[PDB]
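J.: Below you'll find target-v3.cif; it's mmCIF, C-alpha atoms and all ligand atoms.
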data_structure
loop_
_atom_site.label_atom_id
_atom_site.label_comp_id
_atom_site.auth_asym_id
_atom_site.auth_seq_id
_atom_site.Cartn_x
_atom_site.Cartn_y
_atom_site.Cartn_z
CA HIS P 3 12.26 6.50 19.89
CA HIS P 4 10.10 6.89 16.80
CA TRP P 5 7.67 4.30 15.55
CA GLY P 6 8.85 1.31 13.60
CA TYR P 7 8.31 -2.42 13.27
CA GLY P 8 10.61 -3.68 16.07
CA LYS P 9 9.81 -5.25 19.43
CA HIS P 10 9.83 -1.95 21.31
CA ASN P 11 8.38 0.39 18.67
CA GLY P 12 6.24 -1.85 16.46
CA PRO P 13 2.48 -2.03 15.75
CA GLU P 14 1.51 -3.01 19.31
CA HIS P 15 3.05 0.26 20.52
CA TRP P 16 1.67 2.67 17.96
CA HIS P 17 -1.52 3.48 19.92
CA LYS P 18 0.46 5.42 22.55
CA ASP P 19 1.47 8.17 20.12
CA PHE P 20 -1.48 7.55 17.77
CA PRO P 21 -4.55 6.59 19.81
CA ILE P 22 -6.58 6.22 16.59
CA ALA P 23 -4.67 2.89 16.30
CA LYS P 24 -7.57 1.41 18.33
CA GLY P 25 -10.20 3.29 16.31
CA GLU P 26 -13.27 1.95 14.57
CA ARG P 27 -11.89 1.90 11.00
CA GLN P 28 -8.31 0.63 11.24
CA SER P 29 -6.44 -1.17 8.45
CA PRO P 30 -5.44 -3.73 7.41
CA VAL P 31 -8.09 -6.38 8.00
CA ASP P 32 -8.48 -10.04 7.27
CA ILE P 33 -10.87 -10.41 4.33
CA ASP P 34 -13.39 -13.18 5.03
CA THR P 35 -14.25 -13.83 1.37
CA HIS P 36 -17.36 -15.74 2.42
CA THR P 37 -18.86 -12.62 4.09
CA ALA P 38 -18.11 -10.04 1.39
CA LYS P 39 -21.33 -9.15 -0.35
CA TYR P 40 -21.31 -8.95 -4.10
CA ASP P 41 -22.56 -5.45 -4.74
CA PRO P 42 -23.91 -5.49 -8.32
CA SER P 43 -24.30 -1.69 -7.99
CA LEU P 44 -20.50 -1.31 -7.76
CA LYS P 45 -19.33 0.29 -11.00
CA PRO P 46 -16.33 -0.93 -13.02
CA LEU P 47 -13.18 0.27 -11.43
CA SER P 48 -11.35 2.71 -13.70
CA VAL P 49 -7.54 2.70 -13.33
CA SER P 50 -6.13 5.20 -15.83
CA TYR P 51 -2.34 5.36 -15.54
CA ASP P 52 -1.33 6.12 -19.15
CA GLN P 53 -0.11 9.66 -18.39
CA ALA P 54 1.54 8.87 -15.03
CA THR P 55 4.78 10.76 -14.35
CA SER P 56 7.08 9.46 -11.65
CA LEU P 57 9.59 11.83 -10.04
CA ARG P 58 11.58 10.14 -7.32
CA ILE P 59 12.10 7.10 -5.16
CA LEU P 60 12.73 7.50 -1.45
CA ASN P 61 13.74 5.25 1.47
CA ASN P 62 11.76 6.82 4.31
CA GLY P 63 12.99 4.41 6.99
CA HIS P 64 9.82 2.27 6.84
CA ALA P 65 9.50 1.40 3.15
CA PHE P 66 10.43 2.95 -0.16
CA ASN P 67 8.03 5.29 -1.93
CA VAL P 68 7.84 5.90 -5.66
CA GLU P 69 6.44 9.44 -5.83
CA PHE P 70 4.55 10.96 -8.74
CA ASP P 71 4.09 14.47 -10.04
CA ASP P 72 0.43 14.91 -9.11
CA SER P 73 0.10 18.55 -10.18
CA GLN P 74 -2.11 17.65 -13.17
CA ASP P 75 -4.98 15.30 -13.96
CA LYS P 76 -2.82 12.33 -15.18
CA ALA P 77 -3.07 9.03 -13.22
CA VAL P 78 -6.55 8.67 -11.81
CA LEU P 79 -8.65 6.09 -10.03
CA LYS P 80 -12.43 6.34 -10.23
CA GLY P 81 -15.53 4.19 -10.42
CA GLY P 82 -16.09 1.17 -8.22
CA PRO P 83 -17.17 2.39 -4.75
CA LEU P 84 -15.70 5.84 -5.31
CA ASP P 85 -17.52 9.12 -5.76
CA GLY P 86 -15.50 11.55 -7.85
CA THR P 87 -11.87 11.11 -8.93
CA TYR P 88 -8.73 10.26 -7.02
CA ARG P 89 -5.19 11.06 -8.20
CA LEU P 90 -2.09 8.95 -7.78
CA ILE P 91 0.62 10.42 -5.57
CA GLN P 92 2.82 7.47 -4.59
CA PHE P 93 3.14 3.76 -4.30
CA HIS P 94 5.08 1.55 -1.93
CA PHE P 95 5.22 -2.04 -0.71
CA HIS P 96 5.12 -4.01 2.51
CA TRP P 97 7.03 -7.31 2.61
CA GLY P 98 8.36 -10.07 4.83
CA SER P 99 11.61 -11.62 5.98
CA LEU P 100 10.34 -14.81 4.30
CA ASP P 101 8.06 -15.51 1.32
CA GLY P 102 5.36 -16.80 3.68
CA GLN P 103 4.53 -13.38 5.12
CA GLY P 104 4.64 -9.73 4.20
CA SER P 105 1.14 -8.71 3.19
CA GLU P 106 -0.97 -6.45 5.40
CA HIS P 107 -4.38 -7.57 4.19
CA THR P 108 -5.00 -11.29 4.39
CA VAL P 109 -7.51 -13.41 2.49
CA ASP P 110 -9.17 -15.95 4.76
CA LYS P 111 -6.02 -15.64 6.93
CA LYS P 112 -3.67 -16.25 3.96
CA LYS P 113 -0.63 -13.99 3.94
CA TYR P 114 1.11 -13.07 0.68
CA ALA P 115 4.86 -12.40 0.27
CA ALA P 116 4.22 -8.66 -0.21
CA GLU P 117 1.58 -6.06 -0.86
CA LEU P 118 1.66 -3.04 -3.15
CA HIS P 119 -0.21 0.11 -2.13
CA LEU P 120 -1.03 2.68 -4.81
CA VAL P 121 -2.10 5.78 -2.87
CA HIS P 122 -4.53 8.25 -4.42
CA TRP P 123 -6.10 11.45 -3.03
CA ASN P 124 -9.60 12.73 -3.64
CA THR P 125 -9.25 15.60 -6.10
CA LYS P 127 -12.09 17.55 -4.50
CA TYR P 128 -9.72 18.29 -1.57
CA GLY P 129 -7.09 19.92 -3.78
CA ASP P 130 -4.00 18.04 -2.59
CA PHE P 131 -2.81 15.12 -0.45
CA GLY P 132 -2.15 17.23 2.60
CA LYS P 133 -5.75 18.44 2.85
CA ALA P 134 -7.21 15.11 1.67
CA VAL P 135 -5.79 13.33 4.76
CA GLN P 136 -7.93 15.66 6.88
CA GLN P 137 -11.06 14.11 5.36
CA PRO P 138 -12.74 10.75 6.03
CA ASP P 139 -12.91 10.06 2.28
CA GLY P 140 -9.62 11.75 1.45
CA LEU P 141 -7.79 8.70 0.05
CA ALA P 142 -8.34 5.66 -2.12
CA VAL P 143 -5.69 2.95 -1.94
CA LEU P 144 -5.43 0.16 -4.48
CA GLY P 145 -3.92 -2.86 -2.77
CA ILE P 146 -2.30 -5.60 -4.86
CA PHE P 147 -0.89 -8.83 -3.44
CA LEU P 148 2.46 -10.21 -4.55
CA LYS P 149 3.31 -13.91 -4.64
CA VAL P 150 6.68 -15.43 -5.46
CA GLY P 151 6.86 -17.17 -8.81
CA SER P 152 7.55 -15.81 -12.26
CA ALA P 153 9.30 -12.44 -12.38
CA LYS P 154 7.22 -9.32 -12.98
CA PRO P 155 9.15 -7.59 -15.82
CA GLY P 156 7.68 -4.14 -15.11
CA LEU P 157 8.91 -4.27 -11.51
CA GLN P 158 12.55 -4.70 -12.51
CA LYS P 159 13.24 -0.97 -12.95
CA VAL P 160 12.25 -0.47 -9.31
CA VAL P 161 14.36 -3.39 -8.10
CA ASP P 162 17.42 -2.10 -9.94
CA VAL P 163 17.35 1.36 -8.32
CA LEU P 164 17.13 0.06 -4.73
CA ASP P 165 20.91 -0.23 -4.27
CA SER P 166 21.05 3.58 -4.58
CA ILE P 167 18.55 4.10 -1.71
CA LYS P 168 19.78 1.49 0.74
CA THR P 169 19.38 3.56 3.93
CA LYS P 170 16.82 5.85 5.50
CA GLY P 171 16.68 9.30 3.94
CA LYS P 172 18.28 8.36 0.61
CA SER P 173 16.37 9.36 -2.49
CA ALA P 174 17.01 9.13 -6.22
CA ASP P 175 15.55 10.63 -9.37
CA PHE P 176 13.10 8.08 -10.77
CA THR P 177 11.39 9.23 -13.96
CA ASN P 178 9.26 7.53 -16.58
CA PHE P 179 8.28 4.54 -14.42
CA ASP P 180 5.00 3.10 -15.74
CA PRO P 181 2.88 1.61 -12.95
CA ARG P 182 0.67 -0.16 -15.50
CA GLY P 183 3.36 -2.82 -15.45
CA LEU P 184 2.44 -3.71 -11.84
CA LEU P 185 -1.24 -4.46 -12.45
CA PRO P 186 -2.77 -7.95 -12.70
CA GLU P 187 -5.15 -8.94 -15.51
CA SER P 188 -8.39 -8.74 -13.51
CA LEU P 189 -9.67 -5.74 -11.53
CA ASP P 190 -11.99 -7.90 -9.43
CA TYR P 191 -11.77 -6.49 -5.92
CA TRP P 192 -12.99 -6.26 -2.35
CA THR P 193 -13.61 -2.82 -0.83
CA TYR P 194 -14.01 -1.65 2.73
CA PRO P 195 -13.49 1.60 4.67
CA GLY P 196 -10.31 1.95 6.69
CA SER P 197 -7.08 3.80 7.45
CA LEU P 198 -3.48 4.38 6.64
CA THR P 199 -1.58 1.32 7.85
CA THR P 200 1.33 3.41 9.13
CA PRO P 201 1.31 6.27 11.64
CA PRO P 202 -0.52 8.57 11.72
CA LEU P 203 -3.08 5.80 10.94
CA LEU P 204 -5.71 8.33 9.82
CA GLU P 205 -9.12 6.94 8.93
CA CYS P 206 -9.36 8.48 5.40
CA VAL P 207 -9.10 5.45 3.11
CA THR P 208 -11.45 3.64 0.82
CA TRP P 209 -9.57 0.37 0.40
CA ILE P 210 -9.79 -1.43 -2.93
CA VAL P 211 -7.95 -4.77 -2.67
CA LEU P 212 -7.56 -6.75 -5.90
CA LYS P 213 -8.33 -10.45 -5.74
CA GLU P 214 -5.72 -11.45 -8.35
CA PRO P 215 -2.10 -11.29 -7.13
CA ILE P 216 0.83 -10.42 -9.32
CA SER P 217 3.79 -12.78 -9.38
CA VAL P 218 7.33 -11.52 -8.71
CA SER P 219 10.51 -13.59 -8.66
CA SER P 220 12.32 -14.73 -5.55
CA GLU P 221 15.24 -12.59 -6.77
CA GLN P 222 13.05 -9.47 -6.97
CA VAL P 223 11.76 -9.77 -3.42
CA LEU P 224 15.23 -10.71 -2.14
CA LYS P 225 16.42 -7.32 -3.33
CA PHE P 226 13.69 -5.62 -1.29
CA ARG P 227 15.08 -7.41 1.75
CA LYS P 228 18.55 -5.83 1.27
CA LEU P 229 17.18 -2.39 2.09
CA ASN P 230 17.86 -0.92 5.54
CA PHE P 231 15.57 0.65 8.14
CA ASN P 232 18.54 2.49 9.63
CA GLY P 233 20.25 5.59 8.25
CA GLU P 234 23.74 5.51 6.74
CA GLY P 235 26.43 5.17 9.38
CA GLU P 236 24.05 3.46 11.84
CA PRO P 237 23.89 -0.26 12.76
CA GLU P 238 22.37 -2.21 9.90
CA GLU P 239 18.81 -3.45 10.43
CA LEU P 240 17.32 -5.03 7.33
CA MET P 241 14.07 -3.57 6.11
CA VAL P 242 11.88 -6.67 6.40
CA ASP P 243 8.51 -7.40 8.01
CA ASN P 244 7.37 -3.78 7.55
CA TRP P 245 3.73 -4.88 7.67
CA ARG P 246 1.01 -4.08 10.20
CA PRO P 247 -1.08 -7.17 11.10
CA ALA P 248 -4.83 -7.46 10.66
CA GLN P 249 -6.91 -5.20 12.89
CA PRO P 250 -10.44 -5.65 14.27
CA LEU P 251 -13.17 -5.23 11.68
CA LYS P 252 -15.59 -3.76 14.26
CA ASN P 253 -18.72 -4.38 12.19
CA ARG P 254 -17.50 -2.65 9.08
CA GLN P 255 -18.59 -4.50 5.96
CA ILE P 256 -16.55 -5.70 3.01
CA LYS P 257 -18.12 -5.49 -0.44
CA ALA P 258 -17.14 -7.50 -3.49
CA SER P 259 -17.12 -6.38 -7.11
CA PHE P 260 -17.74 -9.92 -8.33
CA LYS P 261 -19.61 -13.19 -7.71
ZN ZN P 301 1.07 0.76 2.70
#
Would you put the structure from the file into structure tokens?
Ligand SMILES: [Zn+2]

T.:
Amino acid sequence: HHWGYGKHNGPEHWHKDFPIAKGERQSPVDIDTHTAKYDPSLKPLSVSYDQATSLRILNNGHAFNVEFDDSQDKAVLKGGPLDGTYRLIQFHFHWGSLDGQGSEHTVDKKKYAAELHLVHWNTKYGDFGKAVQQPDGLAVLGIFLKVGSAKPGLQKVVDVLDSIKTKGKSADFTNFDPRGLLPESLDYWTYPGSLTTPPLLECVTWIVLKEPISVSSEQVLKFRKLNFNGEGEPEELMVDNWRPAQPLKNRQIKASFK
């Protein structure tokens, strides 16, 4: 009876195994754009993905992760609210059963069809495993998806999903360029928070881009053909794998722009 997104194992249950679920710095949150203070001391965000090397894509039973070879200094996030340099290890998405929901963060209560999370670890902690033991171990770039025009650079991901339909399936996934998932502007909001899945550790500097990317209805429909279950188990579509907004608890949200 492991955690999931269903009625009996979903977000409202997670606190029993992971009491930090009711902690002081839980994610996601609703971003009240009217209360985010423009911090003119925030430096330009630097997203440097030109040497990124993807390895594999995996259905982990909750989402699918595109994992990177992070053994060298190759795909780094720095600047903005961050001290030091953070290295890309994986990205994944959260999405809905319908276009009207799916994002974890919300913007003045608005939900997007999906949300991309590019997960980076603070290089001063040596690797991901030790970084998640630190309150500033991770920096996650969050990007909203809306349904409209297709995102051409997403199509390579969409096309491999049929090979990882069920929990535990993985495939080789090399030479994927995550620059093709980024919107024009790097305007963002930033706040301190957590992983949005168990173990819900409070190690994340969140950097949520204001500008969504557009994906096609057909692209997100293919996400919704994935399965939460393993092969040879009853089929449960992987949809609505998002945690809802959590209490802000007097954290503050900063803005990179006016
Ligand atoms: Zn996520």

J.: Select the residues contacting ligand ZN 301 (chain P) at a distance of at most 8 Å, based on all atoms listed in the file, then format the selection as an NGL selection string.

T.: :P and (93-96 or 106 or 117-119 or 198-200 or 245)

J.: Write out the residues from the selection above, keeping C-alpha atoms, as a short mmCIF file (atom, residue, chain, number, x, y, z; two decimals), in the coordinates of the input.

T.:
data_model
loop_
_atom_site.label_atom_id
_atom_site.label_comp_id
_atom_site.auth_asym_id
_atom_site.auth_seq_id
_atom_site.Cartn_x
_atom_site.Cartn_y
_atom_site.Cartn_z
CA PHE P 93 3.14 3.76 -4.30
CA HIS P 94 5.08 1.55 -1.93
CA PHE P 95 5.22 -2.04 -0.71
CA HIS P 96 5.12 -4.01 2.51
CA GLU P 106 -0.97 -6.45 5.40
CA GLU P 117 1.58 -6.06 -0.86
CA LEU P 118 1.66 -3.04 -3.15
CA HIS P 119 -0.21 0.11 -2.13
CA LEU P 198 -3.48 4.38 6.64
CA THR P 199 -1.58 1.32 7.85
CA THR P 200 1.33 3.41 9.13
CA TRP P 245 3.73 -4.88 7.67
#

J.: Using all atoms listed in the file, which residue out of P:49, P:158, P:60, P:87 lies closest to residue P:185?

T.: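 The answer is P:49, which sits nearest to residue P:185.
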
J.: Could you give me, as a PyMOL selection string, the residues within 10 Å of stretch 66-75 of chain P, counting only C-alpha atoms and dropping anything in the same chain fewer than 4 positions from it?

T.: chain P and resi 53-62+87-96+119-123+125+129-131+160+164+167-179+181+226+229+241

J.: Please report the interatomic distance between atom CA of residue P:79 and atom CA of residue P:162 in Å with one decimal.

T.: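 Computing the Euclidean distance for atom CA of residue P:79 and atom CA of residue P:162 yields 27.3 Å.
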
J.: Distance atom CA of residue P:47-atom CA of residue P:261, one decimal place?

T.: 15.4 Å

J.: Using Å and a single decimal, report how far atom CA of residue P:260 sits from atom CA of residue P:211.

T.: 12.4 Å

J.: I'd like to know which of P:214, P:139, P:14, P:85 is closest to residue P:197, using all atoms listed in the file.

T.: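 With all atoms listed in the file as the atom set, the closest residue is P:139.
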
J.: Go through P:252, P:27, P:18, P:64 and flag the residue nearest residue P:230, using only C-alpha atoms for the distances.

T.: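 Under the stated criterion, the closest residue is P:64.
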
J.: Find the spatial neighbours of residue P:28, counting all atoms listed in the file, within a cut-off of 9 Å - ignore same-chain residues fewer than 4 positions away - and output them as a VMD selection string.

T.: chain P and resid 22 to 24 195 to 199 203 to 205 248 to 251

J.: Taking all atoms listed in the file into account, which of P:193, P:103, P:50, P:108 comes nearest residue P:255?

T.: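 Looking at the shortest contact to residue P:255, the residue is P:193.
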
J.: With all atoms listed in the file as the basis for distance, which of P:227, P:133, P:3, P:80 is at the shortest distance from residue P:115?

T.: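 With all atoms listed in the file as the atom set, the closest residue is P:227.
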
J.: For residue P:243, which residue among P:45, P:26, P:5, P:99 is the nearest when counting all atoms listed in the file?

T.: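 Ranking P:45, P:26, P:5, P:99 by distance to residue P:243, first place goes to P:99.
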
J.: Extract, using all atoms listed in the file, all DNA, RNA and protein residues at most 12 Å from residue P:190, discarding same-chain residues fewer than 4 positions from it, and format them as a PDB file with C-alpha atoms, keeping the file's coordinate frame.

T.:
ATOM      1  CA  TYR P  40     -21.310  -8.950  -4.100  1.00  0.00           C
ATOM      2  CA  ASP P  41     -22.560  -5.450  -4.740  1.00  0.00           C
ATOM      3  CA  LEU P  44     -20.500  -1.310  -7.760  1.00  0.00           C
ATOM      4  CA  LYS P  45     -19.330   0.290 -11.000  1.00  0.00           C
ATOM      5  CA  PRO P  46     -16.330  -0.930 -13.020  1.00  0.00           C
ATOM      6  CA  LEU P  47     -13.180   0.270 -11.430  1.00  0.00           C
ATOM      7  CA  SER P  48     -11.350   2.710 -13.700  1.00  0.00           C
ATOM      8  CA  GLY P  82     -16.090   1.170  -8.220  1.00  0.00           C
ATOM      9  CA  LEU P 144      -5.430   0.160  -4.480  1.00  0.00           C
ATOM     10  CA  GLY P 145      -3.920  -2.860  -2.770  1.00  0.00           C
ATOM     11  CA  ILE P 146      -2.300  -5.600  -4.860  1.00  0.00           C
ATOM     12  CA  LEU P 185      -1.240  -4.460 -12.450  1.00  0.00           C
ATOM     13  CA  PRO P 186      -2.770  -7.950 -12.700  1.00  0.00           C
ATOM     14  CA  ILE P 210      -9.790  -1.430  -2.930  1.00  0.00           C
ATOM     15  CA  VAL P 211      -7.950  -4.770  -2.670  1.00  0.00           C
ATOM     16  CA  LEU P 212      -7.560  -6.750  -5.900  1.00  0.00           C
ATOM     17  CA  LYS P 213      -8.330 -10.450  -5.740  1.00  0.00           C
ATOM     18  CA  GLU P 214      -5.720 -11.450  -8.350  1.00  0.00           C
ATOM     19  CA  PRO P 215      -2.100 -11.290  -7.130  1.00  0.00           C
ATOM     20  CA  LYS P 257     -18.120  -5.490  -0.440  1.00  0.00           C
ATOM     21  CA  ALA P 258     -17.140  -7.500  -3.490  1.00  0.00           C
ATOM     22  CA  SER P 259     -17.120  -6.380  -7.110  1.00  0.00           C
ATOM     23  CA  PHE P 260     -17.740  -9.920  -8.330  1.00  0.00           C
ATOM     24  CA  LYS P 261     -19.610 -13.190  -7.710  1.00  0.00           C
TER      25      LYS P 261
END

J.: Can I get a file of stretch 39-60 of chain P from the given structure, N, CA, C and O atoms kept, as a compact mmCIF listing (two decimals), in the first residue's frame?

T.:
# COMPACT_ATOMS: atom_id res chain seq x y z
N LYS P 39 7.47 39.96 -4.18
CA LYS P 39 8.19 41.20 -4.26
C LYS P 39 9.29 41.11 -5.30
O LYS P 39 10.11 40.18 -5.27
N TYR P 40 9.27 42.08 -6.21
CA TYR P 40 10.32 42.23 -7.18
C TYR P 40 11.62 42.48 -6.44
O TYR P 40 11.75 43.42 -5.67
N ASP P 41 12.58 41.59 -6.63
CA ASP P 41 13.82 41.67 -5.88
C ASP P 41 14.90 42.10 -6.86
O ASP P 41 15.56 41.26 -7.47
N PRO P 42 15.13 43.42 -7.04
CA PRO P 42 16.08 43.88 -8.05
C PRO P 42 17.50 43.40 -7.78
O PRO P 42 18.37 43.59 -8.62
N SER P 43 17.75 42.79 -6.60
CA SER P 43 19.04 42.18 -6.32
C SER P 43 19.14 40.73 -6.82
O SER P 43 20.18 40.11 -6.67
N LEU P 44 18.04 40.16 -7.32
CA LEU P 44 18.09 38.85 -7.94
C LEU P 44 18.93 38.98 -9.20
O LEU P 44 18.73 39.88 -10.02
N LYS P 45 19.89 38.07 -9.38
CA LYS P 45 20.72 38.08 -10.57
C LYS P 45 20.04 37.35 -11.71
O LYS P 45 19.10 36.58 -11.49
N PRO P 46 20.51 37.57 -12.95
CA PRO P 46 19.91 36.88 -14.10
C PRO P 46 20.06 35.41 -13.80
O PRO P 46 21.10 34.99 -13.30
N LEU P 47 19.00 34.68 -14.07
CA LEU P 47 19.09 33.25 -14.04
C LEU P 47 19.98 32.80 -15.19
O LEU P 47 19.86 33.32 -16.30
N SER P 48 20.87 31.84 -14.92
CA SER P 48 21.69 31.23 -15.96
C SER P 48 21.31 29.76 -16.11
O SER P 48 21.47 29.00 -15.16
N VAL P 49 20.74 29.41 -17.27
CA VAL P 49 20.36 28.04 -17.60
C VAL P 49 21.24 27.61 -18.77
O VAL P 49 21.06 28.07 -19.90
N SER P 50 22.22 26.76 -18.48
CA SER P 50 23.24 26.40 -19.46
C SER P 50 23.17 24.92 -19.79
O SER P 50 23.79 24.10 -19.11
N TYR P 51 22.37 24.56 -20.80
CA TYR P 51 22.08 23.17 -21.11
C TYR P 51 22.81 22.67 -22.35
O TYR P 51 22.57 21.54 -22.78
N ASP P 52 23.74 23.44 -22.93
CA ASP P 52 24.29 23.07 -24.23
C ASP P 52 25.10 21.77 -24.21
O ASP P 52 25.25 21.15 -25.26
N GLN P 53 25.62 21.34 -23.06
CA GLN P 53 26.34 20.07 -23.06
C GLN P 53 25.55 18.95 -22.38
O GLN P 53 26.12 17.93 -22.04
N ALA P 54 24.25 19.12 -22.19
CA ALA P 54 23.46 18.11 -21.50
C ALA P 54 23.51 16.78 -22.23
O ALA P 54 23.39 16.72 -23.46
N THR P 55 23.62 15.70 -21.46
CA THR P 55 23.64 14.33 -21.97
C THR P 55 22.61 13.48 -21.25
O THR P 55 22.81 13.07 -20.11
N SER P 56 21.52 13.21 -21.95
CA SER P 56 20.50 12.31 -21.43
C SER P 56 20.96 10.86 -21.55
O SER P 56 21.75 10.51 -22.44
N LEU P 57 20.50 10.02 -20.61
CA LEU P 57 20.79 8.59 -20.63
C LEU P 57 19.58 7.72 -20.87
O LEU P 57 19.65 6.77 -21.65
N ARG P 58 18.48 7.98 -20.17
CA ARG P 58 17.43 7.00 -20.05
C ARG P 58 16.12 7.71 -19.71
O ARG P 58 16.11 8.81 -19.15
N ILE P 59 15.02 7.02 -20.03
CA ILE P 59 13.71 7.46 -19.61
C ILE P 59 13.07 6.30 -18.87
O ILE P 59 13.16 5.14 -19.30
N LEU P 60 12.39 6.63 -17.76
CA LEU P 60 11.89 5.62 -16.85
C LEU P 60 10.47 5.97 -16.40
O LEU P 60 10.22 7.10 -15.99
